[PDB]
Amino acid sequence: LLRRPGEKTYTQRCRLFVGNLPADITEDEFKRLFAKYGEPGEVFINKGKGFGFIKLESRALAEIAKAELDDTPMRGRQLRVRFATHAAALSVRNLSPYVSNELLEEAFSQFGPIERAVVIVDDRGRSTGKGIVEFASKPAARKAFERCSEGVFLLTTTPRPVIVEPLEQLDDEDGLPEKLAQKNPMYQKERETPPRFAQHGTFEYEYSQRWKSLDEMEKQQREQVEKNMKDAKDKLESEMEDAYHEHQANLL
């Protein structure tokens, strides 16, 4: 806590979700659970449903608390500690490859207080044309979402409207454990045949080979649509440049 971790502290990236809390949990007890991770930020406890949230000062402190407190006992119950899913986050796409984390953040700060913006890069450190914008409040995210949908928001010279969408937040951490899968009645009949390579001549081999052929055809039709629409977007660009005499002087 001596030196600031950066520009913003106690952000939603610093928020932890804590599940399986005992029924008699108190705010003091919950705060004491996190006492070694510095001064607590906002605390929200759902005593009736056994869960709470806490904001720590930095992402590193939340990472340590999560690693140290996850799956530890509290009065006969194993606490479940996880990063709280971001409640005020947006997906952005159609970005120029020359938009940086800082340009995206500066650009989106006009909609309200911003925590972070990032341009998603591939293994080479090159822009994928997609990014993430994390706001300090849900209204700021709603306004960014509405305004960029209704208007044309441009970040650089080349006119590329930023396309703002809800951020897909899927669980690739816990997934579907065997404990829940077992609760299904058709599960027993499903696990009856072990993983295998289907063999030539069998119905399952023939069905699977035809299925794969349809999937390959679907991939080819999807890639074609992309190409077809890439050409319509290039033709639109050319017609509009001519309509607006983009390379030429003209009074009207």
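A residue's number is simply how far along the shown sequence it sits, counting from 1. Rigid core (definition): largest C-alpha set, two forms, superposition within 1.5 Å.
- In 5 other deposited structures of this protein, superposed by the rigid core, the C-alpha atoms of 51-59 lie farther from the shown form than the other of 202-210 and 51-59.
- Across the superposed structures in 5 other deposited structures of this protein, aligned by the core, the stretch whose Cα atoms lie more distant on average is 21-29, chosen from 21-29 and 8-16.
- Checked against the record, the higher mean CA B factor of 106-114 and 72-80 lies with 72-80.
- In this entry, 121-129 has the higher mean Cα B-factor, the comparison being between 121-129 and 148-156.
- Based on the entry's C-alpha B-factors, the most elevated value among 59, 191, 222, 210 belongs to 191.
- Highest C-alpha temperature factor among 186, 43, 214, 198 per the entry: 186.
- Per-chain ranking of the deposited C-alpha B factor places residue 33 in the highest third.
- The PDB entry assigns residue 23 a C-alpha temperature factor belonging to the highest third of its chain's modelled residues.
- Residue-level temperature factors show residue 175 in the highest third of its chain, judged at the C-alpha atom.
- Residue 206 sits in the lowest third of its chain by CA B factor, as recorded in the PDB entry.
- In the PDB entry, a CA B factor belonging to the middle third of its chain's modelled residues is recorded for residue 218.
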